[PDB]
Amino acid sequence: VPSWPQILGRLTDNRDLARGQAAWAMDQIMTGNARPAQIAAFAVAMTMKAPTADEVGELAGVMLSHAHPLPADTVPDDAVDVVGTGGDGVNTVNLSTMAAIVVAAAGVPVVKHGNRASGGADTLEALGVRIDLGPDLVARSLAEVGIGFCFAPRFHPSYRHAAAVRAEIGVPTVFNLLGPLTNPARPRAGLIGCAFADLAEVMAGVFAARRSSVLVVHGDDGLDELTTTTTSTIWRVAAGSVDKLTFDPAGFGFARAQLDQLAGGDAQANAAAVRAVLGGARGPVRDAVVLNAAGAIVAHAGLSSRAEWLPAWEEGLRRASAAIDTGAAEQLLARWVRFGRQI
Amino acid sequence: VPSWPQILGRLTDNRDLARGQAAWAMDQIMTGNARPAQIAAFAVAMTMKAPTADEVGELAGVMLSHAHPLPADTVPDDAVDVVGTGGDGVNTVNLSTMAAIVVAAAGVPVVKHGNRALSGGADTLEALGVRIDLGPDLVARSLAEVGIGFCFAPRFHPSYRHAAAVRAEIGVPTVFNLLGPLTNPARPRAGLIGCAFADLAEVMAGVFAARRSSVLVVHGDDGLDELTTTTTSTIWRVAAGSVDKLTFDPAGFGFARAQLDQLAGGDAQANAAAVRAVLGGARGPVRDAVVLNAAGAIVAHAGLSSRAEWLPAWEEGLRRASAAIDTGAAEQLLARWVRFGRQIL
Ligand SMILES: Nc1ccccc1C(=O)O
Ligand SMILES: Nc1ccccc1C(=O)O
Ligand SMILES: Nc1ccccc1C(=O)O
Ligand SMILES: Nc1ccccc1C(=O)O
Ligand SMILES: [Mg+2]
Ligand SMILES: [Mg+2]
Ligand SMILES: [Mg+2]
Ligand SMILES: [Mg+2]
């Protein structure tokens, strides 16, 4: 029976959708069969009717069902993502991009997913990295360099109609959740930042369903990363289940920082901040990077059922600091740049 | 300062808009400055937030400021409308249109707003041979010469085209579905106003209240945007700037309960035939529902005077509506309206 009037009516009636309806809607959007007004009505209605983990999972499933995959056996079983929803309002340095490099340098394979804004892809581009690569070359980068970056428009070309609408309406919706949930390499672990405190649990539910080992993180100051200005909320996903924790990095010797110390402007500035940290500059920015890099490593450790929380953090922090201090992180970036210049 | 992200963000945060924001939005929509996605987002977000009468008033106000007006001093001060939201999802006969003819024949000036839709009011008028395409000047002359005029929504609100398109693309009812009955370009002060959506009728009433109209906003408890004979109706009575909610039972005035299928409509030709049968004096449930709705419009008209009393008003309305059919006045008025249209220019 499925139709726009039926699905929209159910949503405007403040009712959860029936199984399969969110999937039908998203597939319409992804096959160029939904009008801009229909896309917009759906995105808004699905946000104002608080979306469920099942519903958001259906949306992400449809997108992944249409995306370009990586080739068979090119993504190690233990690869990790480090990524956020964005839209925390705060023009920060790209902590996720910095932490990703550090995590890769430490020997954990990283496949990152992202897009232009300031933003993650922009900062990478300004550092000289090729953000643009197709499946076969992203697989090569992962093999040879230890990190890869899937550019969203390259892998999700059928999302362009939905992307054009998000822009036109300019307001956050349920679609802002989809980036971290639709990494086309499908890594099973991640450190995932969520700007929308109310929706982080929903994102966690989605990861739990696919039995990922993920830490979904929201700084109690609003950051879509682990913060050093105060405590963070963590939705810890492992063994298909979610528990909510408060996390205080003071317990690992981290000084309280002020939010303005993690601020960064254009792609050029954030690129300078990356070089500064990877070059060994001390300060609040390094601390944040190390903390979030450790978080990603802890998420990676969680793939093993024998993993323990506090020992995992201590080892993650040691490994993250060493990766920077030895120059490994700095040199991984240099190798990543070199890789892109050599077909 | 005003922008789409600001207004839609406020709405998706479940907040009422600031004074003037809804007006800004509607004006962008009516000037061709809004993308279909923005129109759709706004209509939906406002509906799910729960629109206020201030907000709906602002939307209707912008529309009326862009509409083609009727010439000055051509609409009597006591002219009435008989019109509904539609969207009740039950194909009925054209009760508001039939009632409008009867009310005019009773001597109450009627300027009806309407649209095409099954067969909407405008479709059925066309099938009867009445002109639904007249501009402001000729509608004013219909009113003066025949006692009734019809304002076809698209002809008077051409700048609403972008919004009407989006409404149709998304299908789901929204706050926009309220706007037809609130935006009669002749701006009559009284009306019998149907609302298919029980949860929005009170807000419609509030808008009419703010304008100091004398209106009965009606919702059949069976779902119809008409006063029903099938069961009770909820009526938001608007007079003297204030609204109070009543339940109306036709059994109180001797009407038997009808079944909904007795009121069911068909194509425009079938619905035109149904109008002719009622105006010709056929008894039965359709006549009953027409007389009841014509009476309501006459009660709204009486309400323009603060002297009006509810039960005498309804008894006089019912008398007057019944007599207008029985004397042949209603039938003759329709013939004269058709003739008027055939001899223009
Ligand atoms: N902006 C995007 C994000 C994801 C997929 C496609 C696009 C696109 O622009 O086509
Ligand atoms: N907003 C995002 C965040 C992360 C990855 C992709 C996207 C995207 O725009 O599709
Ligand atoms: N559907 C409407 C509602 C109000 C005013 C005009 C129209 C129209 O279609 O022109
Ligand atoms: N229901 C109406 C009443 C009058 C004018 C237009 C409409 C409309 O919805 O298009
Ligand atoms: Mg991030
Ligand atoms: Mg960030
Ligand atoms: Mg009607
Ligand atoms: Mg009706």
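Within every chain, numbering begins at 1; the chains are lettered A, B, ... in the order of the sequence lines, protein sequences first and strands thereafter. All ligand and atom numbering here is 1-based and tracks the order in the structure.
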Could you tell me whether [X] and ligand 4 have an N or O pair separated by under 3.5 Å?
{"X": "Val83(B)", "value": "no"}
{"X": "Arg167(B)", "value": "yes"}
{"X": "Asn115(B)", "value": "yes"}

Can you tell me the protein heavy atom closest to [atom] and the distance?
{"atom": "atom 9 (O) of ligand 2", "result": "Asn115(A) ND2, 3.0 Å"}
{"atom": "atom 2 (C) of ligand 4", "result": "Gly84(B) O, 3.6 Å"}
{"atom": "atom 7 (C) of ligand 4", "result": "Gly180(B) CA, 3.8 Å"}

message: Below 30° counts as parallel, above 60° as perpendicular, anything between as tilted: where do the rings of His113(B) and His157(B) land?
response: tilted

field: Geometric class of the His68(A)/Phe155(A) ring pair [parallel <30°, tilted 30-60°, perpendicular >60°]
entry: perpendicular

- prompt: Between the side chains of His218(A) and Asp88(A), is a donor N or O closer than 3.5 angstrom to an acceptor N or O?
  reply: no

- prompt: Any chance the side chains of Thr234(B) and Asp221(B) put a donor and an acceptor closer than 3.5 Å?
  reply: yes

Checking [X] side chain against [Y] main chain: does a donor-acceptor pair fall under 3.5 Å?
{"X": "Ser65(B)", "Y": "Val62(B)", "result": "yes"}
{"X": "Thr124(B)", "Y": "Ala272(B)", "result": "no"}
{"X": "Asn183(A)", "Y": "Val111(A)", "result": "yes"}

- prompt: Taking only heavy atoms of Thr85(B), which atoms of ligand 4 are found under 4.0 Å from at least one of them?
  reply: 1 (N)

task: For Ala153(B), take its heavy atoms, then give the atoms of ligand 4 lying under 4.0 Å from any of them.
output: 5 (C), 6 (C)

task: Using 2.8 Å as a strict upper limit, say whether an N, O or S atom of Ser96(B) approaches the Mg ion (ligand 7) that closely.
output: yes

- request: Identify the two heavy atoms, one from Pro136(B) and one from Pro69(B), that lie closest to each other, and give their separation to 0.1 Å.
  value: CB-O, 3.3 Å

statement: The atom of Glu226(B) among N, O or S that is nearest the Mg ion (ligand 7) is OE2

query: At a 4.0 Å cut-off, with the gap strictly under it, does some heavy atom of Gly86(A) reach an atom of ligand 2?
result: no

message: Show the atoms of ligand 2 that are less than 4.0 angstrom away from any heavy atom in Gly114(A).
response: 5 (C)

